[PDB]
Asker: 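Could you have a look at this structure, given as structure tokens, before my questions?
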Amino acid sequence: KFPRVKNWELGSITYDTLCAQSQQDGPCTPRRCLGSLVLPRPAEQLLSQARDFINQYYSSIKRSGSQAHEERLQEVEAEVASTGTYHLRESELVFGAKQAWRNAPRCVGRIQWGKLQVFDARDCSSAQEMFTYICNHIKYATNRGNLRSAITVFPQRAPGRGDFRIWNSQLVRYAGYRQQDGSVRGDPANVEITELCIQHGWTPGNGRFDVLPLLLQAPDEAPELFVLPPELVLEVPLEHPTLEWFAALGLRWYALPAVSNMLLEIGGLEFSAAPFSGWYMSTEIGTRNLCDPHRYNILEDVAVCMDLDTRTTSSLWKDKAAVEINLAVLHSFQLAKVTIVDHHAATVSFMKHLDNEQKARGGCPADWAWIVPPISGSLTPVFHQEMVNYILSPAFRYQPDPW
Amino acid sequence: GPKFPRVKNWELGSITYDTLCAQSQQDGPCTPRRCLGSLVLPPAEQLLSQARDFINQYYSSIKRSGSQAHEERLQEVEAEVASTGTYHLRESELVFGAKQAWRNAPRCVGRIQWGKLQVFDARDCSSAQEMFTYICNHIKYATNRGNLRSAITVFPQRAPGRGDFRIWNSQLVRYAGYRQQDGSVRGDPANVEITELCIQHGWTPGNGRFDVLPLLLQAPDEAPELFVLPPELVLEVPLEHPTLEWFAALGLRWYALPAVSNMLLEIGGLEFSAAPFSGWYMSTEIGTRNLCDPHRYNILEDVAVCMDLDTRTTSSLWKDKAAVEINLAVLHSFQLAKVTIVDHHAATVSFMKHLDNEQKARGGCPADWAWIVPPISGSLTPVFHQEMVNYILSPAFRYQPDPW
Ligand code: HEM
Ligand code: HEM
Ligand SMILES: Fc1cccc([C@@H]2C[C@H]2CNCCc2ccnc(-n3ccnc3)n2)c1
Ligand SMILES: Fc1cccc([C@@H]2C[C@H]2CNCCc2ccnc(-n3ccnc3)n2)c1
Ligand SMILES: C[C@H](O)[C@H](O)[C@H]1CNc2nc(N)[nH]c(=O)c2N1
Ligand SMILES: C[C@H](O)[C@H](O)[C@H]1CNc2nc(N)[nH]c(=O)c2N1
Ligand SMILES: [Zn+2]
């Protein structure tokens, strides 16, 4: 019933009892484990999800069974009975957003979970207003390089009405231009979104690091294009502490990691546009974004500037170049006074979070394959830590692309 | 469309479906409620159905399903179980089964080599002394003066009303771990218990960082007997670095032959409690895990100090830098010494070729992503980007409790 979780570096053992509170099935069965997969393959339901969330909320403020708790359940029930849905109070919304971050099994930054600035954008009626809200989010979150975690929450989904959506997967993303020679200029992950922007009237550049406009969509309307004021998008030129030629590569990356295509679920309510941001863990940039074969793919270039032997895998040229690239990102961000956390510091804080959560809730949902960094896996403490994965609500969730 | 797990490669955008998992007869640890896949360790009628299933697998592999010889073997196996409670594998059945168990092992990245496995039948073994002889032969053959060859030696199966053949050591070759008076450990902390067991059984212990352990071998219903491997049979490689000249002065070394000796080999319901197998190392096994794990030799800080790195801050990436050079040293030294080894790049590439082979041959391949992805430079290898389905097929290798 209760999974036994072991750390193999320390020999310590916990028991996850929190998993029992999961109301949603993952993709695994006793026959086969599908844990390495990236994506998933009435009014009484909503009401039960609502009562549960409201119960969580009043529990969190040490007010269970109190009159305001009882009265709040009646409101929710009254509203659902009459309208098929209900609405959250701002304080409840704030609670729900923090819990969803807390419950996100793939996020290594969760030690920070209680410190989230929540912007209520539920009074938004147009793409233009979404743009204003997003611009303020970016300004606030970026804070001249001293990054602060934030989420802005747009109006919830409603029956038989189009969703508010941000079409971009992040608020800040570099264009990928499919050249005719089959190659890709810029970021290949973004070829499609780049093409949608062009179709909807965007004048493209021809750089490797052209910041994309946002396609914002108000319900049942064509999306609208919005260029971000370049002074809002903080960026960090990449150079290397000891290799002078590195800066010549023309490499750079943006400060603000803001996810804008995930769905936020709270108490049965769904928020289809609720962009959030924290700060980068350096491997996301140095390893995945810059070195993935299907991304900027710079490994061989850097390796050659380092005069390494590309001819054979056994010279570990890839491993060597990857380390210098990650060191460059960390150095550069530190020099530009922009918040960043290395994979060692991050995983150490995550272990502390696991311990905090073990005492607070009896467990912590974690996706080992995502928590372990893409380089130097076993060099970090989380590699040696068993982990249980499961879905708790409030939750962040993937959703289909609006097109 | 298809009612089977959809598996995606995110580097190449290609998709497959695993139909093979439908053949899984054993539940793993996961449920729809929670995934437990990161966990390291999470009656005649029964035997007969396992036996019938294996015999069917065997006759399929030789393309004789439905044949007279197929149906006679089924009747032959059921008769044996009916009168003895158990049965016995033909020689070629054992060879097939051993290979299929390796082919089926979700955690082994070396499975491209699965068809090339030398199977030594030792089911006639009747003493601990004889077990030692068979093991020495295995080591000699498998080591082959550095030109390593995959092999397994199969000792007699569990018999009802009789004690097991057991090799107490977790590997045929492992280094002693001596608990110190200050609480530290000299040698390999992984092997402290087995080391103390060897001493309790009369071994005269050394006091180096790399003393080869003797073997504790247990014949049925007898106390384990102790055997020292003649040093010339145990091939070792002193570790040096191709450019850092001081690395050789660290006096680090590792053994050539990676031989797992404590796992249970299950075929058709028959259980072989002693069936040691060996391949060749993937270099990260030694350079990253054995040498840099905090609870193993833990040499990262020592090497980083020699490299004059800033060990006072995480953001200098001193651990990453040191780990790279250690792995390079491992590869460089094995190659210099002409001892077979494979780096994590070549290994993972070959495993991808294996996935493609198995997709065509069986409609999938059970694989443990957390074990297949190497402990350094994960996303720089192609397997990181490959979704993987994990499930238990049989024949299988399984963990089994330590015999003490
Ligand atoms: C404060 C510093 C933060 C750090 C260092 C951090 C770190 C990370 C990292 C490295 C990932 C893996 C992403 C990937 O590799 O694609 C991740 C995932 C995730 N994080 Fe964070 N995060 C932070 C803040 C936040 C905040 C404020 C939220 C929400 C309010 C959040 C929610 C999530 C979610 C839902 C995922 C999974 C994304 C997906 O499945 O694509 N994180 N985090
Ligand atoms: C020929 C070259 C081989 C290579 C490069 C190789 C590689 C590996 C590696 C890297 C692991 C992970 C073990 C760990 O990290 O602790 C592993 C596990 C495993 N291998 Fe191999 N292997 C090879 C040959 C063999 C052979 C001949 C067999 C059996 C017939 C085998 C069966 C297994 C099994 C059962 C495991 C799981 C071990 C466990 O769970 O503790 N491998 N292999
Ligand atoms: F096609 C796809 C289907 C599912 C997921 C995919 C890639 C994994 C999703 C990216 N995951 C989040 C990436 C990201 C980017 C920027 N910031 C964060 N971030 C910020 C705070 N915490 C995480 N995360 C592609
Ligand atoms: F206490 C424990 C409980 C379960 C597993 C554990 C460690 C993971 C098992 C070691 N796994 C095998 C390591 C190994 C060593 C030498 N050779 C191989 N090998 C040889 C061919 N293929 C793999 N494997 C401890
Ligand atoms: C197939 C595999 O699950 C996929 O490559 C995962 C692995 N772990 C990851 N971990 C993080 N942090 N981010 C990712 O995108 C992925 N991708
Ligand atoms: C907790 C985690 O499951 C454990 O440390 C695993 C991770 N992946 C591994 N992968 C391999 N190849 N070998 C291992 O011993 C482990 N250990
Ligand atoms: Zn699972």
Side-chain angles (χ1 to χ4, degrees), chain A residues 26-29 32-36 38-39 97-98 100-113 115-118 141 147-151 169 257 259 261-262 264 274 276-281 283-284 288 339-341 343 346 349-350 367 370-371 373-374 389 395-398, chain B residues 28-31 34-38 40-41 98-99 101-114 116-119 142 148-152 170 258 260 262-263 265 275 277-282 284-285 289 340-342 344 347 350-351 368 371-372 374-375 390 396-399:
Chain A
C28 306
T29 66
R32 82 291 182 275
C33 167
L34 254 24
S36 70
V38 178
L39 292 165
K98 290 172 180 171
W101 182 11
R102 193 188 188 176
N103 300 332
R106 291 173 169 181
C107 186
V108 71
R110 284 181 277 166
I111 187 110
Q112 287 290 334
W113 77 264
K115 185 179 185 54
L116 179 66
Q117 180 61 51
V118 177
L147 277 45
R148 297 183 278 196
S149 304
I151 187 177
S169 63
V259 179
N261 67 347
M262 286 190 79
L264 165 58
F276 62 86
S277 59
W279 53 75
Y280 264 119
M281 170 171 75
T283 58
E284 296 176 69
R288 302 305 308 288
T339 307
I340 190 158
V341 61
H343 48 291
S349 85
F350 187 73
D367 190 328
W370 278 60
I371 295 298
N389 194 8
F396 290 98
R397 254 168 48 196
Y398 295 125
Chain B
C30 294
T31 71
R34 82 294 182 272
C35 171
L36 246 30
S38 73
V40 173
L41 251 162
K99 284 175 183 177
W102 180 14
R103 183 186 192 178
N104 288 345
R107 288 182 167 172
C108 177
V109 69
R111 288 172 284 156
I112 191 78
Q113 291 291 318
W114 77 264
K116 261 80 183 168
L117 172 69
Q118 186 53 41
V119 174
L148 269 45
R149 297 180 292 212
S150 298
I152 181 170
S170 64
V260 174
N262 65 344
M263 284 187 87
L265 165 64
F277 62 87
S278 71
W280 50 80
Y281 265 115
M282 172 180 69
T284 61
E285 283 175 277
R289 302 306 311 281
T340 309
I341 193 160
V342 65
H344 49 292
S350 93
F351 184 79
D368 191 331
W371 275 66
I372 292 292
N390 194 7
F397 292 104
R398 316 183 184 286
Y399 292 134

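Throughout, a chain's letter reflects where its sequence line sits, starting with A, and its residues are numbered from 1. Values below: every heavy atom of this structure, side chains too, minus hydrogens, waters and symmetry copies. Each ligand, and each atom within it, is numbered from 1 in the order the structure gives.
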Asker: Give the residue and atom name of whichever protein heavy atom lies nearest to atom 3 (C) of ligand 1, and the separation in Å to one decimal.
Answerer: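 It is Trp279(A) O, 3.8 Å.
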
Asker: What heavy-atom pair brings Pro374(B) and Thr284(B) nearest, and what distance separates the two atoms?
Answerer: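 That closest heavy-atom pairing would be CB-OG1, 4.4 Å.
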
Asker: Ignoring waters, how many N, O or S atoms from the protein are under 2.8 Å from atom 21 (Fe) of ligand 1?
Answerer: 1

Asker: Hey, which atoms in ligand 2 end up nearer than 4.0 Å to a heavy atom of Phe397(B)?
Answerer: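 In order of number, 29 (C), 30 (C), 35 (C).
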
Asker: Given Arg289(B), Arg398(B), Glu285(B), identify the one with the heavy atom nearest to atom 9 (C) of ligand 2.
Answerer: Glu285(B)

Asker: Go through ligand 2 atom by atom and flag the ones less than 4.0 Å from a non-hydrogen atom of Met282(B).
Answerer: 10 (C)

Asker: For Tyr399(B), take its heavy atoms, then give the atoms of ligand 2 lying under 4.0 Å from any of them.
Answerer: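 Contacts of ligand 2 toward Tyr399(B), numbered from 1: 39 (C), 40 (O), 41 (O).
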
Asker: How close does the nearest protein non-hydrogen atom get to atom 38 (C) of ligand 2, and which residue and atom is it?
Answerer: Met263(B) SD, 4.1 Å

Asker: Have a look around the Zn ion (ligand 7) and list protein N/O/S atoms under 2.8 Å, or say none.
Answerer: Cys28(A) SG, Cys33(A) SG, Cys30(B) SG, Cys35(B) SG

Asker: Compare every heavy atom of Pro106(B) with every heavy atom of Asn390(B), then report the nearest pair and how far apart it is.
Answerer: OD1-CB, 3.3 Å

Asker: Does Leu39(A) have any side chain to side chain contact (heavy atoms under 4.5 Å, CB included) partners at least two apart in sequence or in another chain, and if so, which?
Answerer: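 Listed in chain order: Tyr398(A), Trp10(B).
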
Asker: What pair of heavy atoms forms the shortest contact from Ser150(B) to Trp280(B), and how long is it?
Answerer: OG-CZ3, 3.9 Å

Asker: Within a strict 4.5 Å, meaning less than it, do heavy atoms of the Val108(A) and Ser349(A) side chains meet?
Answerer: no

Asker: Would you say that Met282(B) contacts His344(B) through its side chain, given a criterion of any heavy-atom pair below 4.5 Å between the two side chains?
Answerer: yes

Asker: Restricting to non-hydrogen atoms, name the atom on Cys28(A) and the atom on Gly35(A) that form the minimum distance, rounded to 0.1 Å.
Answerer: SG-N, 3.8 Å

Asker: To which protein heavy atom is atom 14 (C) of ligand 1 closest, and what is the distance rounded to 0.1 Å?
Answerer: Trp370(A) CZ3, 3.6 Å

Asker: Counting heavy atoms only, which of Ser278(B), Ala396(B), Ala347(B), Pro375(B) comes nearest to atom 27 (C) of ligand 2?
Answerer: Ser278(B)

Asker: Once side chain to side chain contact (heavy atoms under 4.5 Å, CB included) is applied, do any residues pair with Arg148(A), and if so which ones, sequence neighbours excluded?
Answerer: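 If we apply the side chain to side chain contact (heavy atoms under 4.5 Å, CB included) test to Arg148(A), skipping adjacent residues, the hits are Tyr140(A), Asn143(A).
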
Asker: May I ask you to decide if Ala104(A)'s main-chain N or O and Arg110(A)'s side chain share a donor-acceptor pair within less than 3.5 Å?
Answerer: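 The answer is yes, because a donor-acceptor pair under 3.5 Å joins these two groups.
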
Asker: Within the structure provided, determine whether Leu265(B) and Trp102(B) are in side-chain contact (heavy-atom separation under 4.5 Å).
Answerer: no

Asker: Can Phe350(A) and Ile371(A) be said to form a side-chain contact (heavy atoms from CB on, under 4.5 Å), step by step?
Answerer: CA-CA 9 Å; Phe350(A) 187 73; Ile371(A) 295 298; 3.8 Å; yes

Asker: Answer yes or no for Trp113(A): is there a heavy-atom contact with ligand 1 below 4.0 Å?
Answerer: no

Asker: For ligand 1, which atoms have a heavy atom of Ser149(A) less than 4.0 angstrom away?
Answerer: 1 (C), 27 (C)

Asker: Shortest non-hydrogen contact from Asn261(A) to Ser169(A)?
Answerer: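 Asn261(A) and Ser169(A) have their closest heavy atoms at ND2-CB, 3.4 Å.
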
Asker: Taking C-beta and beyond as the side chain, do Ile152(B) and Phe397(B) meet within less than 4.5 Å on heavy atoms?
Answerer: yes

Asker: Please report the shortest heavy-atom distance between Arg107(B) and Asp368(B), naming the atom on each side.
Answerer: NE-OD2, 2.9 Å

